[PDB]
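Chains AK, AF, AE, AW and AO, in that order, are what the protein sequence lines are.
So the first sequence is numbered by the entry's author numbering: it starts at 1 and just counts up by one.
So the second sequence is numbered by the entry's author numbering: it starts at 2 and just counts up by one.
Those letters in the third sequence? Residues 4 to 62, 70 to 177, by the entry's author numbering.
So the fourth sequence is numbered by the entry's author numbering: it starts at 1 and just counts up by one.
So the fifth sequence is numbered by the entry's author numbering: it starts at 1 and just counts up by one.
Data block below; observations after.
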Amino acid sequence: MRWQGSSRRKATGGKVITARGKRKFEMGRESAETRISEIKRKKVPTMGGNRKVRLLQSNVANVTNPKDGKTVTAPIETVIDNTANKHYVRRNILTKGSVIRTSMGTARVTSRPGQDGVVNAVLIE
Amino acid sequence: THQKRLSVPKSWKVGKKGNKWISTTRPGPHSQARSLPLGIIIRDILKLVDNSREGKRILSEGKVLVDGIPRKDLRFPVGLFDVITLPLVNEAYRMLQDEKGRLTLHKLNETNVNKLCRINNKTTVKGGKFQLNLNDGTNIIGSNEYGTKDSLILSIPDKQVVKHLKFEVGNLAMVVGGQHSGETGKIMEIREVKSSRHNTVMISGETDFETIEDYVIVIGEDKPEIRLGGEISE
Amino acid sequence: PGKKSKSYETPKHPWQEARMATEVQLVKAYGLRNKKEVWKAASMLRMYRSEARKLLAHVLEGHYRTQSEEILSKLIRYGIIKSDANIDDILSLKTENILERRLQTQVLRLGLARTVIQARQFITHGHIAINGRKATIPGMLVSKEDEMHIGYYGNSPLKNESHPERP
Amino acid sequence: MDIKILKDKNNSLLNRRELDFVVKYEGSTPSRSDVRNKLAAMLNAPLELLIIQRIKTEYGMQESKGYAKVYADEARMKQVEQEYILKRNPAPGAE
Amino acid sequence: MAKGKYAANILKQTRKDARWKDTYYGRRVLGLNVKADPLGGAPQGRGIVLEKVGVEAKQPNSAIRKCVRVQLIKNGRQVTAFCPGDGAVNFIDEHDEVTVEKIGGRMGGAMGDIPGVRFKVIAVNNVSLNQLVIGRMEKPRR
RNA sequence: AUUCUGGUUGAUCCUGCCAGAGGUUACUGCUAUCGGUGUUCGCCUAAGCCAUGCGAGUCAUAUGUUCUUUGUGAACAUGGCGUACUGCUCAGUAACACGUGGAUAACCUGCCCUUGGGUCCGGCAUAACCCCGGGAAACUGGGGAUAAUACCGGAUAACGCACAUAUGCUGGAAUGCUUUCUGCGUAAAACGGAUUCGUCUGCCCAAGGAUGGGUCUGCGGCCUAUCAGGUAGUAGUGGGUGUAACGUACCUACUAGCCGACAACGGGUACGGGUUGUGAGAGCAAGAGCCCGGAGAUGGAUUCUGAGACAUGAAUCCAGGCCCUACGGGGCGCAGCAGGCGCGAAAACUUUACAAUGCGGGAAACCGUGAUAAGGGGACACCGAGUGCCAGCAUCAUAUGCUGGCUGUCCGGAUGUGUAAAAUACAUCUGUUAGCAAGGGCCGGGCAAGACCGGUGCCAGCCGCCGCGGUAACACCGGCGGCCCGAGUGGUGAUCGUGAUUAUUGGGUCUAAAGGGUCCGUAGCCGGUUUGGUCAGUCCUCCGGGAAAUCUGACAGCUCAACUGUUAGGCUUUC
Ligand SMILES: [Mg+2]
């Protein structure tokens, strides 16, 4: 659980005095980070019967060659780097926009594993 | 899902008498703004049943049909140009918007008559289908001849196409809002004025003016193809 | 909310000597009971006067013709103004016409009772009717067309002409 | 007591006759059974079949509103008419 | 007080400051009347009578004005209350329940030749002291 | 009716307030017959605390079991839907909370809606029931039997990556749908129920709508400087994260911004608006009730369930108070309806019914409904009536007389209309010696009313203000009389008007309160004639809006009336 309601001052620093409680629709879940392990997923429910698939661990990827446009599933070994956080590279976290290392070759994750339910990585040219 | 006596919609001609709620219309296919309950229609306009229980009884016994469908629920919405058919008297009535934006009923002559609809968004269902954003009856998922706002006509109750009433410059047009509601007249110029809100249209019947494209109905080639105006019975 | 205040008005100073004298004279002449009855009659008078002022300010337009003719048609229906009257005649309107339209005044000047208060009690005690309606209201506002059909009630004893107090 | 009838619309959706009439009674407002007995002879409706919903008498003049009705079946009346109307309308031999 | 066309702001500001020089508007907005008076906007009250004083009148006039000393129960405020009418102190004594109301004089303050007294009795033991003064009611033994 | 009157003076003019005079609101003294209308009656103190009943329940055409009053009759269980809509309150909130115009191409939607599809194999628990109980209760154990639209497992999609493929909408506008297919990970349903076997209603699915709601921003509306700086997740960029979705909403690297002296930050206060009060109007003051949106459930945090909640009749714990106990433990919070204590100046019946209007339930018949309607009670607001009428006759000119009769609007009765059934109301009749049905203030001035008689003696008292009484009180107390109002009539606040006493309209500032000691001077504000160009304020006009409600007039209909509907106007404003 996290609160994603509109609570960060107004424009100036005058502390916004809340007139409403923490509503149910403003409650966001936890960042279920993904690592390189046994491929584990959970069918967490969301609004309107939309069970969003959340991934937690994975050592395989759907590496997509751009030269020929062929999709083959190759194992994930290590995150090469990541622009979003300099610590996920050390933690082997698999976020979107990171760069993983597969058997096919180095690839960049182009899918959000916490929302997509799979690790779809485009093979870097 | 309640609505009160005071906050009854502007398109609802029935007054502000009684005690709070007046027959909450369902979600339905048509907009709630231009909608009246079939129970309220049969209990106020036609005066075939006076109570709500007796109205629910007569609806439930398959005695009133809305485009050939005997709806058993007294909360069914009704949109503009809707036909209500009663075979036992051969009473045909059409939902119409008068000059003040309110919804009324005009009696028809024959029991069997078409119904007019409109095109609002042509989307593509997977399978090579040109979905026209239909809401009522059966239709034809057609081709690019069927454009937006084309105002298709379809039979009852099978709801097959009768004639593609495509609009052009000079063709007939019926207003569906504003201060010009019910002032049907020929189209003068349908200008595709680019703007962030929506385009515009030029229409002149008895008197010329400018009107919005969402307040125009392509109701005929040169003359009324459908039975537009019969008898205005309260 | 949606409630309503009074109909009549009130004097700013409530003990004007000549004004109170005219009030008592009108009340005693027309057989009224309350000062507020005269006040509300003058309030209808000033309603017609204020409508006349609002119309005569413009000096009659596509919809102001309707707003200026509907009041004249209603007054000719009720006859507070002259039959051959205009908009401007309402501006010179005194409250005797309003009191004349009162049914007690009408029955007093129809000779159905000797005195005005006897007309009051006859109207209230079902002795004045109109085409079968046993109306018992002194404050009833009638038309010139309403005036002819007025008579005793068929159930009241004065329909039989044996009343000694009756003329 | 006198009666004159004006509106006799028949609802096709229920197969019943709507009786609207003016009650020219004298003096005492007649009861529902008496007005039914008088209204029966005007349109050939039995007491069990002829039904009256109100004999509402106005102020002053002895005139009343009668909203009576006619059915082609007493079972149809029991299915459609409310139980208070069935009790209020005395059946032949009712108690 | 600028008479230019595009000078509504200056006129609004100068009307805003000049309004405060009135006593009534400033005292209404500042809430001095609610903060000051014991009844707090209540039209009448209810206090326990403690002591009875026949306070003297003004300088030109000469008289004794019977004024009970009453402490309110709603607020515990100690004030002085003038009891009107002939035989005024006969129907009120120590340790009573008496309704009190403002004397309704000058500016809502003390009225007539009574110095320093702003409240008046209107009823003793929830019965009208005016009728006791007249002689149409009798003092309860409570 | 666009209103003046007394008070400072020996007398005048006048500045100037005070007080008088009219609404409305709250409360209340005195007091009293009735009907109509509807959108009032624990808001102002205590959003204090609550005994008692109750307010949401329903499903036989989902499955299962025992009876019969043999019927959509009832009882139990599994299960579906609903209880997140109404209803109450008005603390918090000075805020995209709200009003209003757009947006969502940035999003979710059970019921409902139309078209395009599908509805495929199975598996077999556990209920009531049986056998034994435990338990003060709250609760609830074991073994035996078993079913479903219960629940689980399997096949044909959506979701995300990468691709190529033709305008399909909208259109500044793809970023969406997409013809798509490609391969890579990746799915549903109940061939259920009933039938007249005609069919009806349900499950899954795709597209869209509609409904519900989140988000978003142009603009509109408080007091305050005896409140000058505020802000570091604060302002922004890239990459992410989580979300229904956009978003510092959170995280990371970075930049050094952001708001404010044209009022930030803080304090004061407040549910916002539609509107209401008042006045000739400009305005000024309040926004309890009817409708729209917002928030809240003892204060507070957290969470399950669900399409939807952080749920008024859900939980959990803390604080706080209370409560049932067999002392091992177990509940509860009426800002839901009547009611109680408390509170105070400050307000009702623990009535009636699903008859109607609605809502959920059902396929239907129908059931529940302190929602709603119907009443009871409260000098709520408005409106309508009557307590008398009456010829002749007499004084002191309107009071009881003397007499003569006469009417039943009221009150009581009868009877029916009538409502779910009442009651009122409604019609005829009839009850009355017209008697049962008027009071309240005030009398020196302001101000309509007594210079009449005793009392009291700067005393009792009056008195909004002025002013009265230490000996002749039209002043004060009883009387006598008189006056105004009217089932009402006063009192104290409040507030509007008075008052041009806040003045833009519309005031003054030499001597009455008031020109700053002078002056220089920013924002602001005010600005020469003149040719040329634009048309933003402005101007005429058009088109989208500005919910109804309340306002005005009439018509129509309630007996007149207020009131409901139609309608022509108003407001909504100042987009
Ligand atoms: Mg959920």
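The C-beta atom is built at its ideal place from N, Cα and C for all residues, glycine as well.
Subject >> Beta carbon proximity, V70 of chain AW to chain AF, threshold 8 angstroms >> reply: no
Original post:
Cβ of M27 of chain AK within 7 angstroms of any heavy atom in ligand 1?
Top reply: no
Subject >> Residues that DSSP places opposite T80 of chain AO in a beta bridge >> reply: AO:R69
Original post:
Is it true that the region 13 to 29 of chain AO meets the region 48 to 68 of chain AO, where meeting means three or more beta-carbon pairs spaced less than 8 angstroms apart?
Top reply: no
Subject >> Alpha-carbon to alpha-carbon, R75 of chain AE and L151 of chain AE >> reply: 26 angstroms
Subject >> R91 of chain AK versus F131 of chain AF - alpha carbon distance >> reply: 50 angstroms
Original post:
Whose CA, out of AO:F119, AO:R118, AO:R142, AO:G40, lies closest to the CA of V127 of chain AO?
Top reply: AO:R142
**OP:** Inspect the beta-carbon positions of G85 of chain AO and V133 of chain AO and report whether they are closer than 8 angstroms.
**Re:** yes
Original post:
For the region 129 to 144 of chain AE, which residues have a CB atom closer than 9 angstroms to at least one CB atom of chain AW, in sequence order?
Top reply: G136, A139, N141, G142, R143, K144
**OP:** Might you give, ordered along the chain, the residues of its own chain that have their beta carbon closer than 6 angstroms to the beta carbon of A45 of chain AW, omitting 5 neighbours on each side?
**Re:** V70
Subject >> Closer than 7 angstroms at the beta carbon, the chain AF residues around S12 of chain AW >> reply: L89, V90
**OP:** Mind checking which residues open and close the alpha helix (DSSP H) that includes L29 of chain AE?
**Re:** 20 to 33
Subject >> Chain-ordered list of residues that sit, by beta carbon, closer than 7 angstroms to a heavy atom of ligand 1 >> reply: AK:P45, AK:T46, AK:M47
**OP:** Give the residues of chain AW in contact with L49 of chain AF, contact being defined as C-beta atoms less than 9 angstroms apart.
**Re:** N11, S12, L13, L14
Subject >> Within chain AW, the residues that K64 of chain AF reaches when beta carbons sit closer than 9 angstroms >> reply: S12, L13, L14
**OP:** Quick one: which residues of the region 206 to 223 of chain AF get their C-beta closer than 9 angstroms to a C-beta of chain AW? List them in chain order.
**Re:** none
Original post:
Looking only at DSSP bridge pairs, what is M96 of chain AF linked to?
Top reply: AF:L106
**OP:** With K57 of chain AF as the anchor, note down where its alpha helix (DSSP H) starts and where it stops.
**Re:** 53 to 61
Subject >> Neighbour list for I59 of chain AF in chain AW, Cβ cutoff strictly below 9 angstroms >> reply: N11, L13, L14
Original post:
Using DSSP with H/G/I as helix, E/B as strand and the rest coil, what is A88 of chain AO?
Top reply: coil
**OP:** Determine whether the Cβ of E190 of chain AF lies closer than 8 angstroms to any Cβ atom of chain AW.
**Re:** no
Subject >> Three-state secondary structure assigned by DSSP to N125 of chain AO >> reply: coil
Original post:
beta strand (DSSP E) containing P75 of chain AK: first to last residue?
Top reply: 71 to 82
Original post:
At a CB-CB cut-off below 7 angstroms, which residues of chain AW make contact with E55 of chain AF?
Top reply: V80
Original post:
Can you give the Cα-Cα distance for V122 of chain AK and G128 of chain AF, rounded to whole angstroms?
Top reply: 30 angstroms
Original post:
Which two residues bound the contiguous beta strand (DSSP E) that contains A68 of chain AW?
Top reply: 64 to 71
Subject >> Paired residues, beta bridge with residue 126 of chain AK - DSSP >> reply: No statement about residue 126 of chain AK is possible, as the shown extent of chain AK runs from 1 to 125 and does not include it.
Original post:
Considering only C-alpha positions, which residue in the set AK:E26, AK:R41, AK:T12, AK:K86 is nearest to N59 of chain AK?
Top reply: AK:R41
Original post:
Under a three-way DSSP split, which group does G135 of chain AO fall into?
Top reply: coil
**OP:** Specify, as a first and last residue, the run of the alpha helix (DSSP H) that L6 of chain AW falls within.
**Re:** From DSSP, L6 of chain AW is part of no alpha helix (DSSP H) but of the beta strand (DSSP E) over 2 to 7.
Original post:
Rounded to the nearest angstrom, how far is the Cβ of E214 of chain AF from that of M203 of chain AF, given a contact under 8 angstroms?
Top reply: The Cβ separation is near 10 angstroms, so there is no contact.
Subject >> Identity of the residue in AO:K5, AO:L39, AO:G4 nearest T99 of chain AO by Cα >> reply: AO:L39
Original post:
Looking at the structure shown, is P225 of chain AF part of a helix, part of a strand, or coil, going by DSSP?
Top reply: strand
Subject >> the region 108 to 116 of chain AF contacting the region 140 to 158 of chain AF, beta-carbon criterion three pairs below 8 angstroms >> reply: yes
**OP:** Starting from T18 of chain AK, follow the beta strand (DSSP E) in both directions and report where the run begins and ends.
**Re:** Taken as a continuous stretch (DSSP letters only), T18 of chain AK belongs to no beta strand (DSSP E), as it is neither H nor E.
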